[PDB]
Structure formats: structure tokens, C-alpha cells
There are 2 protein chains.
Amino acid sequence: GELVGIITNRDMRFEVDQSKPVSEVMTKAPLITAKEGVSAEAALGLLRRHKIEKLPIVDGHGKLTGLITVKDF
Amino acid sequence: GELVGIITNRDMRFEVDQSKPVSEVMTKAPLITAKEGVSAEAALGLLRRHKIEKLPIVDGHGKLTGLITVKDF
Ligand SMILES: Nc1ncnc2c1ncn2[C@@H]1O[C@H](COP(=O)(O)OP(=O)(O)OP(=O)(O)O)[C@@H](O)[C@H]1O
Ligand SMILES: Nc1ncnc2c1ncn2[C@@H]1O[C@H](COP(=O)(O)OP(=O)(O)OP(=O)(O)O)[C@@H](O)[C@H]1O
Ligand SMILES: [Mg+2]
Ligand SMILES: [Mg+2]
Ligand SMILES: [Mg+2]
Ligand SMILES: [Mg+2]
């Protein structure tokens with residue numbers, strides 16, 4: 001149940017072999033994340049600083065709880 | 001006249017201040033470039049390897065001579 005990476009459209013658009021496993025293509029941990037209870041301003045600041053469209057939200061143990069996107073804002 | 005960087009939509013979409021100079025927002029050199037006379041297959045291989053959409057083409061002296069894009073293929 002541990003968050004070991006994230007795979008988005010950019011990674012997959014440049015790959016031709018569709019049979020390849022996700023572990024070979026994904027952006028591996030550590031990721032840019034935030035804790036549960038992160039404010040909207042802080043989340044958008046983290047998104048804009050690291051020039052990424054997605055921000056996973058994790059609990060105290062690091063297991064994934066949610067996801068915040070720039071598209072929603 | 002030296003190629004010192006590149007500034008694309010990903011760099012400009014995450015900057016809130018429009019009065020900032022290019023030098024602060026651009027991706028700085030060294031960039032991913034190819035020589036003059038590079039084949040189409042090599043250019044597409046570089047583009048898909050480095051997960052970028054733009055490939056400057058330079059001469060022997062490093063001057064900017066052209067640009068190849070994935071959108072063209
Ligand atoms: N929270 C994150 N931490 C680390 N890397 C991330 C994170 N979110 C996305 N990435 C990586 O950033 C890169 C850019 O993907 P991003 O999610 O910003 O756009 P996209 O939706 O894939 O592409 P498009 O520009 O076509 O909309 C990808 O390689 C992705 O794996
Ligand atoms: N040839 C290159 N060498 C190095 N970095 C590059 C190069 N081309 C673009 N970049 C950088 O990589 C990121 C993505 O640029 P790219 O040109 O691939 O897409 P984009 O047109 O900005 O994105 P989108 O179409 O998703 O809005 C940007 O931060 C940009 O500055
Ligand atoms: Mg996207
Ligand atoms: Mg997008
Ligand atoms: Mg573009
Ligand atoms: Mg694009």
C-alpha cells in the first residue's frame with residue numbers, strides 16, 4: 001500500500017512498447033507531496049514551485065490519502 | 001549570439017509575475033541539442049529519450065541554426 005511513484009501522460013506519450021511495466025516508466029519516489037490538512041494556498045504554491053500538475057497527499061505513515069491538481073484550481 | 005537557454009509554455013505558465021526577466025525563468029544551458037545534419041530518427045530518439053518537445057539544432061560553433069519538434073512528426 002506504499003506510494004512508490006506516479007505515472008502521468010508525459011511519461012507514457014514517449015513510450016512505444018505498451019507491454020512495458022509501470023515500474024520501468026514511472027517517476028519513482030521520493031515525490032513532491034503534502035500532509036493531510038495542507039492548506040489550498042500551500043498546495044498551489046508547492047505545485048507552482050516544482051512545475052508539476054499533481055500533488056499527492058499522504059497521512060502520517062506516508063500512505064496515500066488524496067490528490068490535488070492544478071486543473072481543479 | 002550564444003545559445004544560453006530555452007523558455008517554453010511550461011516555464012511561463014507557473015510564473016505569476018509577468019514582469020520577470022527571461023533569465024530567471026528560462027531553462028539554462030547546457031540544453032539537449034543536436035548537430036546540423038542530424039537524421040529524423042536520431043532527433044525523435046533524443047526527443048523521446050529526454051521527454052522533451054523541442055530540440056535545438058546548432059552548428060560547429062554552437063550557434064543556433066534550427067529547431068525540431070515532436071509536433072511536426
Ligand atoms: N508530485 C509529483 N512528484 C514528482 N514528479 C511528479 C509529480 N507529479 C508529476 N510528476 C512528474 O512530472 C512530469 C510532468 O507531468 P505532469 O503531471 O506535470 O504533466 P502531464 O499531465 O503528464 O502532461 P501534459 O503536459 O501533457 O498535461 C512527469 O514525468 C510526472 O511523472
Ligand atoms: N531542448 C530542451 N532542453 C532542455 N529543457 C527543455 C528543452 N525543451 C524544453 N525544455 C524544458 O522542459 C520543460 C517542458 O518543455 P517542452 O518544450 O517539452 O513542453 P512545453 O511546450 O513547455 O509543454 P506543454 O505542451 O505541456 O505546455 C520546460 O521546463 C522547458 O523549459
Ligand atoms: Mg496532464
Ligand atoms: Mg497539461
Ligand atoms: Mg507545448
Ligand atoms: Mg504538449
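Ligands are counted one by one from 1 in listed order, and the atoms in each one are counted from 1 as well. Naming convention: chains lettered A, B, ... in sequence-line order (proteins, then strands); numbering from 1 in each chain.
- The CD atom of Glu15(B) sits 8.0 Å away from atom NZ of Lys51(A), with the distance rounded to the nearest 0.5 Å.
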Taking distance alone, no hydrogens or angles, what donor-acceptor pairs closer than 3.5 Å link side-chain atoms of residues 66-73 of chain B to residues at least two apart or in another chain?
unit_1   : atom_1 : unit_2   : atom_2 : d
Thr69(B) : OG1    : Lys71(B) : N      : 3.4
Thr69(B) : OG1    : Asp72(B) : N      : 3.2
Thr69(B) : OG1    : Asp72(B) : OD2    : 2.9

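- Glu53(B) is linked by a side-chain hydrogen bond (donor to acceptor under 3.5 Å, both in side chains) to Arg10(A), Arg13(A), counting only residues two or more places apart in sequence or in another chain.
- Protein N/O/S atoms closer to the Mg ion (ligand 4) than 2.8 Å number 1 in this structure.
- Checking side-chain atoms of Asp17(B) against main-chain N and O of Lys20(B) turns up no donor-acceptor pair under 3.5 Å.
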Enumerate, atom names and distances included, each donor-acceptor pair closer than 3.5 Å involving a side-chain atom of residues 23-39 of chain B, sequence neighbours excluded.
unit_1   : atom_1 : unit_2   : atom_2 : d
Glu36(B) : OE2    : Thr65(B) : OG1    : 3.3
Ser39(B) : OG     : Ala42(B) : N      : 3.2

Original post:
Stepwise, does the side chain to side chain contact (heavy atoms under 4.5 Å, CB included) test hold for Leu3(B) with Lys63(B)?
Top reply: CA-CA 6 Å; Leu3(B) 178 59; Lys63(B) 192 175 184 180; over 6 Å; no
